Amino acid sequence: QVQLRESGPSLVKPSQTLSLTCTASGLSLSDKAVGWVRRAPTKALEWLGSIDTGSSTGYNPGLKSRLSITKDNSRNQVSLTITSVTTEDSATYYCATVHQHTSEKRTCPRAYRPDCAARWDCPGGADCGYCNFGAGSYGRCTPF
Amino acid sequence: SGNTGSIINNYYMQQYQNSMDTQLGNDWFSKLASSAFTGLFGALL
Amino acid sequence: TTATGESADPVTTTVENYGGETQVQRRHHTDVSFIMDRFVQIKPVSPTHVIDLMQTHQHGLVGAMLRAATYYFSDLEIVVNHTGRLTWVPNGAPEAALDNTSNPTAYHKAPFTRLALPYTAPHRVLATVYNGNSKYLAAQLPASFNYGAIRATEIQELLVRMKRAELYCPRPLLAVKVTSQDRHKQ
Amino acid sequence: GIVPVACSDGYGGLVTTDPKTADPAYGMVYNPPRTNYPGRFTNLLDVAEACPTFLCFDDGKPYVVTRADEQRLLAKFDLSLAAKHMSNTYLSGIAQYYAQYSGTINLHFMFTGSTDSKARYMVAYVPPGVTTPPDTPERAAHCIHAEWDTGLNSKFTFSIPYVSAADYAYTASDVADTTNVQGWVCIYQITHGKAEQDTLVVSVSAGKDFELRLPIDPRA
Amino acid sequence: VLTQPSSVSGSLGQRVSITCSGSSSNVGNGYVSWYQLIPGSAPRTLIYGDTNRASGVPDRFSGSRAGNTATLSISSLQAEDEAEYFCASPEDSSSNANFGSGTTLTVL
Amino acid sequence: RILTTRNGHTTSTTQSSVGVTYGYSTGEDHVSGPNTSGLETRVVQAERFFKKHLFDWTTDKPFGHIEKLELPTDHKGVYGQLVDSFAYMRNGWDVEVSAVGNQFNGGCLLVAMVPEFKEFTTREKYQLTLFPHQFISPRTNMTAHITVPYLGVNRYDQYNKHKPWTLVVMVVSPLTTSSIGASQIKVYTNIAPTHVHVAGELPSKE
């Protein structure tokens, strides 16, 4: 139940740099990072990029030229900067909690394993070789 | 016979190697497989 | 003998050209079923190690003489210096059924276990070079190119002997590179 | 002098499947006689090809019921004996222990429906390296296939051939994408005469020349 | 873009739902949390990390998840639960945490 | 020394032949196998010759500049249709390579069919003559004819997954061009598939 707040100007003009900020305080937004989103009018969901503690900002490519952010930890405040609004870009700015952290790797094929190829072909970039004795999709070995 | 690949008259007698068989006075699942109707039932073309 | 040359038809000039005569040839030691009957060590070896050859050294007497032929069919004889029960499975078997103790399993003896396992791959004759796109690079010979796998606990040495070998389609044999000196001088 | 045996170091240990004989420790015993005892089978294939067993299909049923809509593809499966449809059959049960098989596989379809409901089916053996077809025409006068119209004799036997590169093919298929070493076998219902909620029990047997080889022992 | 419904309605005391639908690239490796968003006014997390909640959460909202989508469980729908509940699930294509955008939670 | 080789309804006639070099056999092996189960049908319309362009024999090219051709190569003819519609087939490669030369330019080109071709390390180029092969020389014969029986691990091999025979042409002697002689010697081939058997009819796209 970490203490969050959404903050910024409410009645503003289009075609400017959205300058909307939030205060997200407990550990669930401090090992996890800050979230930036809105929803459009009578439409489906909307999402805006976000930053963890690493200082690594990233945004959805849809508006890349007119999206830009940063992060601050001392004042429990983070900043959002979205340039060049359009009239179609109308929704709620109240949510800023982005708990999500990236991680990516794919597990090996039905008969394949890490060093169970330590046998047929051992040296190379493709390490996840082949287990059950017999013709396999890639009988020698594969890369992930 | 079975797995046995020996090519020699075995050392010990049959009586002491295996247990002897009595008889009174076969192979049904090969008779079945042989008796099986192969081919068609109607006229080919 | 001033042959057509271009025809590449085999031409073998005897010594009878300059009044010398041709002597008697006893070519046993350069036979195929004879030069491959010796034991060729496979290194490095470890547990759950396939007994498939071509893992013989490329330069060995039985490694190079084998890679000097595209297709080779032979009955493998094994000699393993293991530390536990050594299970062997046929050419195609699940790696899961590797140690069910129903597949030939030689119990540890004081000396290395010496087996004569047959050639069990489904193909006509195996191949040293495949030149085939990845089934469903070229580093990969098909999985069915092995003679079966052995899994003892700690396998320490593994030797391999090709009985009744038959080689087909000869390839380059490639004797050792000589640089600067006229002869190799060893 | 005595004979100089000079025993070889290298061999003489216990192989589990070696051809030797044990040493008789008990004197001769005449076991009770069993002459012509009923039901003896010598070869597991002369029993497997003698009595066919059913396949498993959707929701674990042996039959493949008539489709509910235009869909003509009743059921399809890979030819590998380790297929999901063949998991419960005796043929695959005994092919579990062997390394590689070869030759034919007979499929037995017997229409189990009323007299008022006719139907006309088609089974097509689709070859390796290709994706198995959705409409029945894609397979007509393509591959090796058949057609039977349910009449007085319900059973129909289709001998799935053995077409492959290698002389033998592995029984336990280890990936190779969707396809196994061999191709698929699909069963189409090209036209059902009022043949709704009327089934086609599919069995499977060993061919006239089906053979397994290289016995093995995996955890089954 | 993540996916989420836009409509919710129920009675007092009964169990109404909230869901966080996604796919392989967004949910399968992304955690889901739910948050109390009033018109203009502050939020607070309720369930986070899937397995639990923080000291400071009431037990009237609860979370469940299944496969490539997530869900919330609103026990005893209350006048306190009259706020938009939002969630996120990580995006790995651009290194982000894709949000599901929350609903107008009207109490009958 | 003319030689009128003819495959199917298409024939090739050369007046500078030096003979035909059969490789590894004088005839193909039995086409009937247990795997096919007598379902293999021979196709006589796939024996028509097809012409494929090869690397131009420029004077600058050095010895060992191999220009291999994978067999079977992409075919838009009847043979190509068989590969698409049949899962398994086998045939004799019968590669014919002819390089037109003025005969006043002296060079040596070696054309050999290598089964299961592997990229050479450039030390096996000297030992590359241990294969069915012929030598193309402007001074003697401008056309080289090689016939090879189909050989593979399996009796029938799917062509898309693996190709057994690849045609390789190597510049044993760098081409020397005289003022009278050709300044560049293009190279072409006449491959024909011999004893084409197919099995395993595939589903269709039509």
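What follows is calculated from the coordinates using simple rules that are stated; it is not laboratory data. A quick note on method: Cβ atoms are made from the backbone with ideal geometry, for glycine too, and the neighbour counts reach across all protein chains shown.
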Any residue that is more than 8 Å from chain C (Cβ to nearest Cβ), more than 12 Å from the chain's Cα centre (by Cα), farther than 23 Å from residue C:140 by Cα and not aromatic (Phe, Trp, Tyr) - is there at least one of those in the range F:145-166?
no
Quick one: what pairs do we get from the range A:35-47, first residue closer than 17 Å to residue A:10 by Cβ, second of a type in the set (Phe, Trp, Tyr) and assigned to a strand (DSSP E or B), C-beta under 8 Å, 6+ apart or different chains?
A:37/E:86; A:37/E:99
List every residue pair whose Cβ atoms lie under 6 Å apart, where the two residues are 6 or more positions apart in sequence or sit on different chains, the first residue falls within the range D:155-173 and is closer than 13 Å to residue D:99 by Cα, and the second residue, located anywhere, is of a type in the set (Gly, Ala, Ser).
D:168/D:102; D:170/A:134; D:170/C:92; D:171/D:95; D:172/D:82; D:173/D:80; D:173/D:82
List pairs: first in the range C:52-79 and farther than 15 Å from residue C:171 by Cβ, second of a type in the set (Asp, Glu), Cβ under 6 Å, 6+ apart or cross-chain?
C:73/C:166
Among the residues of the range D:102-116, which ones are part of a loop (DSSP other than H, G, I, E, B) and more than 19 Å from residue D:199 (Cα to Cα)?
D:103, D:104
Yes/no for residue E:86 being of a type in the set (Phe, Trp, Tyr) and farther than 25 Å from residue A:50 by Cα:
no
Hey, any hits in the range C:88-99 for a residue that's in a strand (DSSP E or B) and β-branched (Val, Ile, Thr)?
no
For residue D:55: the one exception among (1) farther than 17 Å from residue D:107 by Cβ; (2) away from chain B (no Cβ under 14 Å); (3) not basic (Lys, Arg)
(1)
Considering residues of the range A:125-141 that are under 19 Å from residue C:96 (Cβ atoms) and within 33 Å of the chain's Cα centre (by Cα) only, the residue farthest from the other protein chains (Cβ to nearest Cβ)
A:128
Read through the list (1) of a type in the set (A, V, I, L, M, F, W, C); (2) touching a helix residue (DSSP H, G or I) at 6+ places or on another chain (Cβ under 8 Å); (3) surrounded by fewer than 11 Cβ atoms within 10 Å (Cβ to Cβ), then give the number of the only condition that residue B:32 fails.
(3)
Condition first: of a type outside the set (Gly, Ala, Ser), surrounded by fewer than 22 Cβ atoms within 10 Å (Cβ to Cβ) and within 9 Å of chain D (Cβ to nearest Cβ). Can you find one or more residues in the range C:58-78 that meet it?
no
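Quick one: in the range F:43-98, of everything that is among the hydroxyl-bearing types (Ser, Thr, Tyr) and out of contact with any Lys or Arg (no Cβ under 7 Å at 6 or more places or on another chain), which residue is farthest from residue F:171 (Cα to Cα)? Talk me through it step by step, then tell me what you get.
In the first step, residues of the range F:43-98 are kept if they are among the hydroxyl-bearing types (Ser, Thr, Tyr); the result is F:58-59, F:73, F:79, F:85, F:88, F:98.
Cutting the leftovers down to out of contact with any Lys or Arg (no Cβ under 7 Å at 6 or more places or on another chain) gives us F:58-59, F:79, F:85, F:88, F:98.
Details: F:58: 10, F:59: 10, F:79: 30, F:85: 38, F:88: 35, F:98: 14 Å.
Filtering the range F:43-98 for residues that are among the hydroxyl-bearing types (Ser, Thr, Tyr) and out of contact with any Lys or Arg (no Cβ under 7 Å at 6 or more places or on another chain), the one farthest from residue F:171 (Cα to Cα) comes out as F:85.
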Among the candidates D:99, D:119, residue that is in a strand (DSSP E or B) and either closer than 27 Å to residue D:213 by Cα or of a type in the set (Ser, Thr, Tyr) (or both)
D:99
Could you grab me the full set of residues in the range A:68-124 that are within 12 Å of chain E (Cβ to nearest Cβ), under 18 Å from the mean Cα position of the chain (by Cα) and surrounded by 13 or more Cβ atoms within 10 Å (Cβ to Cβ)?
A:69, A:95, A:96, A:97, A:98, A:99, A:100, A:101, A:102
Within the range C:126-137, is even one residue facing chain D (nearest Cβ under 10 Å), within 20 Å of the chain's Cα centre (by Cα), aromatic (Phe, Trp, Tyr) and under 28 Å from residue F:154 (Cα atoms)?
no
Looking only at the range E:1-42, and only at residues there that are part of a loop (DSSP other than H, G, I, E, B) and aliphatic (A, V, I, L, M), the one that is surrounded by the fewest Cβ atoms within 10 Å (Cβ to Cβ)
E:12
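Pick from the range D:146-166 the residues that are facing chain F (nearest Cβ under 9 Å) and touching a strand residue (DSSP E or B) at 6+ places or on another chain (Cβ under 7 Å): which of them is surrounded by the most Cβ atoms within 10 Å (Cβ to Cβ)?
So the first thing to find is which residues in the range D:146-166 are facing chain F (nearest Cβ under 9 Å), and the list is D:161-166.
Right, trim to touching a strand residue (DSSP E or B) at 6+ places or on another chain (Cβ under 7 Å) and you get D:161-163, D:165.
On the way: D:161: 22, D:162: 24, D:163: 24, D:165: 27.
In this case the residue turns out to be D:165.
Mind telling me which of the residues C:39, C:112, C:34 ends up being farther than 23 Å from residue A:133 by Cα, aromatic (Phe, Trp, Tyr) and facing another protein chain (nearest Cβ under 9 Å)?
Numbers: C:39 fails: facing another protein chain (nearest Cβ under 9 Å); C:34 fails: facing another protein chain (nearest Cβ under 9 Å).
That would be C:112, the only listed residue that is farther than 23 Å from residue A:133 by Cα, aromatic (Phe, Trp, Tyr) and facing another protein chain (nearest Cβ under 9 Å).
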Residues of the range D:200-220 being of a type in the set (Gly, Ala, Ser) and crowded, with 19+ Cβ neighbours inside 10 Å, in sequence order, are D:203, D:205, D:206, D:207
Has the range E:48-69 got any residue that is within 12 Å of chain A (Cβ to nearest Cβ), buried (at least 16 other Cβ atoms within 10 Å of the Cβ), within 14 Å of residue A:98 (Cα to Cα) and among the β-branched types (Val, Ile, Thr)?
no
Given (1) on the phi > 0 side of the Ramachandran plot; (2) surrounded by 24 or more Cβ atoms within 10 Å (Cβ to Cβ); (3) at the interface with chain C (Cβ under 8 Å from one of its Cβ atoms), residue F:116 misses just (2)
Counting residues that are among the basic types (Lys, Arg), which strands (runs of 3 or more DSSP E) fully inside the range F:122-206 reach at least 1?
F:185-191
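Can you give me the number of residues within the range D:6-28 that are away from chain C (no Cβ under 14 Å), closer than 29 Å to residue C:101 by Cβ and either in contact with a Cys (Cβ under 9 Å, 6 or more places away or on another chain) or of a type outside the set (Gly, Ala, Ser) (or both)? Give the steps one after another, and end with the answer.
Within the range D:6-28, the first condition is being away from chain C (no Cβ under 14 Å), and the residues that meet it are D:6, D:21-28.
Now restrict to residues that are closer than 29 Å to residue C:101 by Cβ: D:21-26.
Narrowing further to those that are either in contact with a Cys (Cβ under 9 Å, 6 or more places away or on another chain) or of a type outside the set (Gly, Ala, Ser) (or both): D:21, D:23-24, D:26.
Residues that pass the stated criteria total 4.
Being within 13 Å of the chain's Cα centre (by Cα) and among the hydroxyl-bearing types (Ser, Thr, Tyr) is the filter here, so list the residues in the range C:14-68 that pass it. Break it down stepwise before answering.
First pass over the range C:14-68, keeping only residues within 13 Å of the chain's Cα centre (by Cα): C:32-42, C:51-68.
Within the range C:14-68, C:33, C:56 qualify.
Restricting attention to the range E:54-80, report how many residues are small (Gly, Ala, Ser) and over 20 Å from residue E:4 (Cα atoms).
Pass one, the range E:54-80, residues small (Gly, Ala, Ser): E:54-56, E:62-64, E:66-67, E:70, E:73, E:75-76, E:79.
Then drop every residue that is not over 20 Å from residue E:4 (Cα atoms), which leaves E:54-56, E:76, E:79.
The qualifying residues number 5.
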Filter the range C:128-154 for residues that are outside any loop (DSSP other than H, G, I, E, B) and in contact with a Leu (Cβ under 7 Å, 6 or more places away or on another chain); which is farthest from residue F:157 (Cα to Cα)?
C:151
State the number of residues belonging to the range A:54-67 that are more than 14 Å from every other protein chain (Cβ to nearest Cβ) and surrounded by fewer than 17 Cβ atoms within 10 Å (Cβ to Cβ).
1
Condition check for residue B:11: surrounded by 10 or more Cβ atoms within 10 Å (Cβ to Cβ), over 19 Å from the mean Cα position of the chain (by Cα) and more than 26 Å from residue D:35 (Cα to Cα)
yes
Find the residue count for the range D:191-209, including only residues that are more than 11 Å from every other protein chain (Cβ to nearest Cβ) and touching a helix residue (DSSP H, G or I) at 6+ places or on another chain (Cβ under 9 Å).
1
